[PDB]
Amino acid sequence: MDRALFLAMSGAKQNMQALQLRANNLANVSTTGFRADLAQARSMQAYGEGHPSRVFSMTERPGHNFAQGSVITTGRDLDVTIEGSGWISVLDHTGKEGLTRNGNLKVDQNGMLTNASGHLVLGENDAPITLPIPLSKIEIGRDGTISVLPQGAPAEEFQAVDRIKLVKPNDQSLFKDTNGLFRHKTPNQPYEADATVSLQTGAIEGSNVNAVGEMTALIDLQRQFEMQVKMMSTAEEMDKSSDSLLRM
Amino acid sequence: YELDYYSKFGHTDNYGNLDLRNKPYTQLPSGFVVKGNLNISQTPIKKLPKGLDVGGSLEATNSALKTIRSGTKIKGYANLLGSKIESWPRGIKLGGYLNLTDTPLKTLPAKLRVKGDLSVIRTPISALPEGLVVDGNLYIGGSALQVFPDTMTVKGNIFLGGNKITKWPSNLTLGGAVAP
Amino acid sequence: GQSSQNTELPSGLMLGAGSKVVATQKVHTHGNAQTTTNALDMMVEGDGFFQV
Amino acid sequence: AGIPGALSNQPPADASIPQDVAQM
Amino acid sequence: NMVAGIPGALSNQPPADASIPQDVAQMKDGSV
Amino acid sequence: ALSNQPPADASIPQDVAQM
Amino acid sequence: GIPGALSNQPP
Amino acid sequence: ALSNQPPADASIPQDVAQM
Amino acid sequence: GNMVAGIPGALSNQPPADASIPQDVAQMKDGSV
Amino acid sequence: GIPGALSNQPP
């Protein structure tokens with residue numbers, strides 16, 4: 001039949017995919033250090049012989065919202081949030097390094113510093129931070145310097161042991177990977193530490209998802225979705241009527 | 001009246017193409033820069049500003065454009081179909097083809113280089129400039145041209161379109177064919 | 001399941017699967033002291049756990 | 001001819017004049 | 001030569017939407 | 001109208017610069 | 001022969 | 001496709017192992 | 001008397017795990033009786 | 001007849 005049936009179907013299909021991207025945003029409102037995902041549609045025309053009447057649209061992710069997340073003051077010593085722009089460099093389960101903004105850190109039984117996702121926290125030597133096992137008081141600095149008190153030591157024996165690797169690259173050069181870690185679009189790009197990134201210890205950075213912004217985008221995808229499915233029915237209606245040209 | 005900075009913003013797309021179709025603008029500010037393509041079709045604009053820069057292609061089909069001043073930079077093509085241009089200035093940096101079909105064009109710059117196709121279809125031009133170089137297809141159909149210069153260069157096909165050519169260039173190397 | 005390359009194009013569009021609660025973290029912040037007259041109740045100021 | 005602002009279905013090339021449309 | 005492919009919804013899509021298997025899309029040119 | 005050679009297919013690229 | 005076609009016989 | 005031997009009945013089992 | 005038999009329509013065209021046809025009737029599908 | 005056949009007469 002007419003190709004407008006599939007031209008509208010290819011549009012309704014993308015609206016559902018855009019709806020899925022907004023659904024993931026609203027599910028992650030309470031998530032810690034979550035960067036909102038933007039949804040956009042690209043107009044692609046079928047170039048060739050004939051009148052230029054058919055143009056497809058596909059939904060794609062143009063970028064992410066890198067605005068500062070909501071800061072939650074918790075009073076916990078091992079809670080860190082990046083003041084302004086900046087990232088925390090961590091290595092995932094496989095070992096590939098990446099940037100994260102979740103500062104819900106913790107100390108394991110061996111002293112290794114991890115975050116809430118389990119990623120190991122990189123240090124001054126581009127290696128995971130391993131603090132002494134018998135600690136007494138962890139006091140993270142504003143610049144990322146970790147000053148710990150050995151167990152049984154006097155309060156005046158406060159010494160720095162490591163400095164968290166904070167990286168502030170261009171946000172437009174970062175893409176979210178398959179596990180929520182932002183990495184460089186260009187492969188084999190070294191993550192260079194920055195001396196301007198600051199860590200506000202004792203607070204946790206929340207999500208930056210604008211709940212109303214997603215809701216008002218939802219009510220427009222639904223209407224656009226319903227208009228296209230009416231086009232599918234009216235293209236079906238036209239073909240059924242034209243079925244009476246071979247009756248003879 | 002004339003286009004302002006705020007009026008410019010209301011005729012620009014996401015990638016930076018200025019659309020002035022049917023808009024009542026008479027003159028553009030000097031030193032004008034366009035991020036992408038420029039469209040001044042059907043406009044009462046009779047003159048393009050000096051120092052004009054277009055990051056894309058200039059579209060002036062069926063417009064009132066008459067004068068383009070030298071120094072204009074156009075990255076894409078120039079489409080002046082149906083406009084009121086009578087002469088082409090010297091020193092225009094054109095990154096694409098030049099379509100001058102159905103224009104009152106009479107004179108062309110000497111040793112003009114067209115990086116794309118050239119059209120003089122149905123134009124009152126009497127003779128082509130010496131040393132003309134065309135990297136694409138040349139359409140002279142329906143024009144008043146009947147004598148080619150001593151030397152010319154066309155890297156594509158040459159379409160006569162109906163006009164009769166009597167004096168062919170002495171030095172001519174053609175990458176394509178000649179069609180009547 | 002091929003990934004990466006052009007993530008800002010329709011070809012490389014990536015969709016999430018939602019959210020989850022990974023851990024319920026215990027906040028072992030030292031609490032305030034209650035002064036009672038019973039002589040058999042005790043308290044630890046600072047780190048320490050009673051053993052039973 | 002007819003309409004003055006008809007489109008062209010050929011992909012942009014910026015070097016070849018589109019002959020799909022009635023370029024007169 | 002023989003030309004073939006998946007009809008209907010999957011083929012009436014832009015190539016970016018990789019619904020069509022790669023080898024089946026090859027058949028849509030020519031074969032012998 | 002008719003022609004002696006098959007018409008070309010339709011191009012639907014996500015980026016016209018790469019065709 | 002369509003490369004990688006499903007079959008109609010218990011695996 | 002006229003054959004000489006009646007076609008066998010299709011089978012729709014819960015497990016292909018017990019078939 | 002080599003006949004084939006069974007309940008026509010919806011009952012038979014369900015997969016056998018439904019167990020809607022009586023087993024006696026379902027076994028007259030291979031030409032038995 | 002059919003083993004599970006139903007009768008058209010009163011039981």
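Residues numbered from 1 in each chain as written, not as in the entry; some residues may be left out. Chains lettered and ligands numbered in written order. Part of a larger assembly, values for the part shown. Heavy atoms only, no water.

What the deposited record gives as its method is cryo-EM, and the resolution it gives is 3.46 Å.

Asker: So what exactly am I meant to see when it comes to the overall build of chain C here?
Answerer: Within chain C one finds 0 helices and 0 strands. Taking 52 residues into account, the globule formula puts the C-alpha radius of gyration at 10 Å, and chain C, at 26 Å, lies well above it. Relative to its full complement of 52 residues, chain C shows a buried share of 12%. Element-wise, carbon and sulfur atoms account for 50% of the exposed surface of chain C, whose accessible area totals about 5000 Å². (Helix = DSSP H or I, 4+ residues; strand = E, 2+ residues; numbered from the N terminus. Rg over C-alpha atoms; globule rule 2.2 N^0.38 Å. Buried < 20%, exposed > 50% of the residue type's maximum accessible area, 1.4 Å probe, protein only. Areas by Shrake-Rupley, 256 points an atom, 1.4 Å probe, with all protein chains shown as cover.)

Asker: Hey, could you run me through the nonpolar core in this one?
Answerer: One broad rule of soluble globular proteins: the nonpolar side chains tend to lie buried together. Ranked by size, the top nonpolar core spans 45 residues in total, and within it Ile40(B), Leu80(B), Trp88(B) and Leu128(B) carry the most contacts. Taken together, the elements giving at least two residues each to this core come down to β12 (132-134) and β14 (152-154) of chain B. In contact with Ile40(B), not counting residues within four places along its chain, are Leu20(B), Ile45(B), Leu48(B), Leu58(B), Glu59(B), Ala60(B), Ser63(B) and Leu65(B). Core analysis: the second largest hydrophobic core is formed by 19 residues, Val80(A), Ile82(A), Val121(A) and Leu131(A) among them. (Core = buried A, V, L, I, M, F, W, Y, C linked by side-chain atoms within 4.5 Å. Contact = heavy atoms within 4.5 Å.)

Asker: Which parts of the structure should I look at to understand the sheet that holds strand β9 (residues 98-99) of chain B?
Answerer: The strands making up a sheet associate through hydrogen bonds between their backbones, and the pairing can be parallel or antiparallel. Residue and element names in this part refer to chain B. A sheet is described by the order of its strands in space; here 9 strands give the open sequence β1-β3-β5-β7-β9-β11-β13-β15-β16, paired in parallel fashion. Every other strand in the sheet has two partners, leaving β1 (18-19) and β16 (178-179) as the edge strands with one partner each. Inspection of the sheet shows strand β11 (residues 118-119) paired to strand β13 (residues 138-139) by 2 bridges, in the parallel sense. What sits directly across from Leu118, in β13, is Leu138. (Pairing = 2+ DSSP bridges.)

Asker: Please explain helix α2 (residues 211-241) of chain A as it appears in this structure.
Answerer: The α-helix advances 3.6 residues per turn, and as a result positions three or four apart in sequence lie on the same side. Residues and elements named next belong to chain A. With 31 residues, α2 extends 46 Å between its outermost C-alpha atoms, agreeing within 8% with the 45 Å of an ideal straight helix rising 1.5 Å per residue. For α2, the full list of buried residues reads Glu214, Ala217, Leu218, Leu221, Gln228 and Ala235. Of the surrounding elements, those touching the buried residues of α2 are α1 (4-27). (Expected span 1.5 Å × (residues − 1).)

Asker: For this particular structure, what's the right way to read the interface of chain C and chain A?
Answerer: Where the parts come together, the accessible area they lose is often given as the size of the interface. Taken together, the 15 residues of chain C in the interface contact 24 residues of chain A. For the pair chain C and chain A, the summed buried area comes to about 1700 Å², and 55% of that belongs to carbon and sulfur atoms. Interface area lost by chain C to chain A is led by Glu8(C), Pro10(C) and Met14(C), which between them contribute 33%. Between chain C and chain A we count 1 salt bridge in total. (Buried area = accessible area lost by both parts, 1.4 Å probe. Salt bridge = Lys/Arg side-chain N within 4 Å of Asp/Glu carboxyl O.)

Asker: Looking at this model, I keep getting lost on the sheet that holds strand β8 (residues 93-94) of chain B. Mind explaining?
Answerer: Residue and element names in this part refer to chain B. Taken together, 4 strands build an open sheet; the order of strands is β2-β4-β6-β8 and the sheet is parallel. The open sheet has two edge strands, β2 (33-34) and β8, and neither has a second partner. Here 2 bridges tie strand β6 (residues 73-74) to β8, and the two strands are oriented parallel to one another. Directly across from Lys73, in β8, lies its bridge partner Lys93.

Asker: What is the right way to read the environment of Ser43(A) from this model?
Answerer: Structurally, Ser43(A) can be placed in strand β2 (residues 40-45). Not counting the four nearest positions on each side in its chain, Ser43(A) is found in contact with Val55(A) and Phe56(A).

Asker: Sorry if this is basic, but what is going on with the arrangement of the chains here?
Answerer: Most contacts, among the 14 pairs of chains that meet, fall between chains A and C. The two partners chain C and chain D share no contact, and the minimum distance between any of their C-alpha atoms is 19 Å.

Asker: Explain the environment of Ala9(E) here, please?
Answerer: By the element assignment, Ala9(E) lies in the segment before α1 (22-27). Note: C-alpha distance between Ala9(E) and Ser19(E) (10 residues apart in sequence) is 9.5 Å. Ignoring anything within four residues of it in the chain, the contact list for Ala9(E) reads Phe6(A) and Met9(A).

Asker: Would you mind showing me how to read the packing of aromatic side chains here?
Answerer: Each aromatic ring pair is characterised by the separation of its centres together with the angle its planes make. Counted according to the given criterion, the structure contains 8 aromatic pairs over all chains. Grouped by ring-pair contacts, the aromatic residues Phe66(A), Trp87(A) and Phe182(A) constitute a single cluster. (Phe/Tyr/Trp six-rings, centres within 6.5 Å; stacked < 30°, edge-to-face > 60°.)

Asker: Teacher, can you tell me more about the pattern of salt bridges here?
Answerer: Two side chains that carry opposite charge are able to pair once their charged atoms sit near each other. Inspection of every chain in the model, using the stated rule, returns 20 salt bridges over all chains. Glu214(A) serves as the salt-bridge partner of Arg22(A), at 3.3 Å between the closest nitrogen and oxygen. Taken together, the residues span a long stretch of sequence, with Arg22(A) in helix α1 and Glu214(A) in helix α2 at a distance of 192 residues. Between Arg113(B) and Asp135(B) there is a salt bridge, with its nearest N and O atoms 2.9 Å apart. On the criterion of sequence distance, the pair formed by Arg113(B) in strand β10 (residues 113-114) and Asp135(B) in the loop between β12 and β13 is long-range, its members being 22 residues apart. Here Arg113(B) falls in the partly exposed class, since its relative accessible area comes to 43%. Classification of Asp135(B) as partly exposed rests on a relative accessible area of 24%.

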